[PDB]
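Going left to right, the sequence shown walks through residues 1 to 122 as the authors' numbering numbers them. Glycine is no exception: its CB is placed at the ideal position from the N, C-alpha and C atoms.
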Amino acid sequence: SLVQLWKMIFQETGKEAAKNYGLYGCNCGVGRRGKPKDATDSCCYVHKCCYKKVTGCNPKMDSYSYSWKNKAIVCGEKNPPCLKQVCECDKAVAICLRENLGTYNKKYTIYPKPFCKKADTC
Numbered sequence: 001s002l003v004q005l006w007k008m009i010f011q012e013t014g015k016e017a018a019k020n021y022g023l024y025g026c027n028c029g030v031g032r033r034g035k036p037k038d039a040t041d042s043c044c045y046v047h048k049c050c051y052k053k054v055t056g057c058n059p060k061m062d063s064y065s066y067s068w069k070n071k072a073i074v075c076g077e078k079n080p081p082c083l084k085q086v087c088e089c090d091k092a093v094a095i096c097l098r099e100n101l102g103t104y105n106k107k108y109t110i111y112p113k114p115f116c117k118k119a120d121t122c
């Protein structure tokens, strides 16, 4: 669920997830999609697009089972198809988030999403 993702974000980024990425760019956090602003927003772009490949669940409400191993995210204990995927979706968006931390814009942290150009289809 979305609380798990928020934790997941913090554990690889060290920043409070909703505080820093809840309104970042045009695809991070609540709201729709847009043409991404930077690599930080674009990995939120990838997250929302793997989130549409979910089938039988509510990712923002349904929790899953996962653990935080030797600084490595292991969702890999047996999970139902969706709950496996969203959590892998969350881990992938948690992992890339650490990969573009040097790019993070402090001005994009709360971004006016309506003004962003509409994203294509994933």
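### Query
The alpha helix (DSSP H) spanning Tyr104 covers which residue range?
Walking along the sequence shown from the start, residue 104 turns up at place 104. Unbroken run through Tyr104: none, as it is neither H nor E.
### Query
Rounded C-beta distance between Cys57 and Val86? I'm assuming under 8 Å.
Here residue 57 refers to the residue found at position 57 of the sequence shown. Here residue 86 refers to the residue found at position 86 of the sequence shown. That pair is a contact at about 7 Å.
### According to DSSP, residues forming a beta bridge with residue 128
The chain is shown from 1 up to 122; residue 128 falls before or after that span and cannot be answered.
#### Entry: Length of the line joining the Cα atoms of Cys28 and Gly14
Locating residue 28 in the sequence shown gives position 28, where the first residue counts as 1. Locating residue 14 in the sequence shown gives position 14, where the first residue counts as 1. Spanning the two alpha carbons is a distance of roughly 17 Å.
### Query
Taking the DSSP output, what are the residues bridged to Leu97?
As a first step, residue 97 must be located in the sequence shown, where it is residue number 97. In the DSSP assignment, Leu97 forms no beta bridge with any residue.
### Message
Shorter than 6 Å, the distance from the beta carbon of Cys87 to the closest heavy atom of the ligand NAD, or not?
### Response
The ligand content of the structure shown is nil, which means the ligand NAD is not present either.
### Message
Give me the residue from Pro59, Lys107, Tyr45, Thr103 with the minimum Cα distance to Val3.
### Response
Taking the sequence shown and counting its residues from 1, one reaches residue 3 at position 3. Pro59 is the residue among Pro59, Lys107, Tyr45, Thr103 whose C-alpha sits nearest the C-alpha of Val3.
#### Entry: Between the CA atoms of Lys78 and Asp41 - distance to the nearest angstrom
The residue labelled residue 41 in the question sits at position 41 within the sequence shown. The residue labelled residue 78 in the question sits at position 78 within the sequence shown. Each residue's alpha carbon lies about 30 Å from the other.
### Task
On a CA-only basis, which of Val54, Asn100, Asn70, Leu101 is nearest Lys84? Give me that one, please.
Here residue 84 is taken as the residue at index 84 of the sequence shown, counted from 1. Nearest to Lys84 by C-alpha distance, out of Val54, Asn100, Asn70, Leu101, is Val54.
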